[PDB]
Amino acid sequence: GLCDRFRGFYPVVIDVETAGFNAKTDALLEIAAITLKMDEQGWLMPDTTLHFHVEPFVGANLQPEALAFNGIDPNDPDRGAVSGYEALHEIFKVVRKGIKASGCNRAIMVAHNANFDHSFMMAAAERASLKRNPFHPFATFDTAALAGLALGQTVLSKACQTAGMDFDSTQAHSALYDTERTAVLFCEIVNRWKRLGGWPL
């Protein structure tokens, strides 16, 4: 059902934390993923949540400004960080399952300013030499653009507030929280479209 809605695409919400803006050279530090489901009523809602702290890859650059921004101490002994390979492999495992079960044929990343998270995910996958990536190699569902249309807002915090959702700046910029808000935001935009009779055609 989730797969008739988006021509076979299985939407998965993704947020990453990084040690910079350069996907090829800057450390991936954290990643959360939230799969979605469609109920009998045809409404969209979050399904499964995965979250991993990621160890900076060997040779990775780290910008203090980024660390200052996300508050991540890449040296905290009990971060419980895993390898980029480990995080993506575990996420890909869940995504692949959710795909076959719903009739989808490929995953698509839902993310806020999606090019960012997509570039980092693809770079991490490259690093680890992962051959089986369930995510579309270039297409994404950018919630910034989607909110621009739906809410006249492109900033995540502002978009959520405008959508009637709660948003907590003190929790903001953490992978789990941002992913969850982005997931709720995406479901709301889709549900609102259906609500107003935009869907089905």
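The numbering used is simple: start at 1 and walk along the sequence shown.
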* To do: Look over 61-69 and 152-160 in the entry and identify the one with the greater average Cα temperature factor.
  => 61-69
* To do: Can you let me know which of the two, 99-107 or 79-87, has the higher average C-alpha B-factor in the entry?
  => 99-107
* **Selection by C-alpha B-factor (highest) of 166, 47, 30, 142** => 166
* Asked: With respect to the C-alpha temperature factors reported in the PDB entry, which of 146, 36, 54, 172 ranks highest?
  -> 172
* Just say lowest, middle or highest third for the CA B-factor of residue 42 relative to the other modelled residues in its chain. => highest
* C-alpha B factor of residue 131, ranked within the chain: lowest, middle or highest third? -> highest
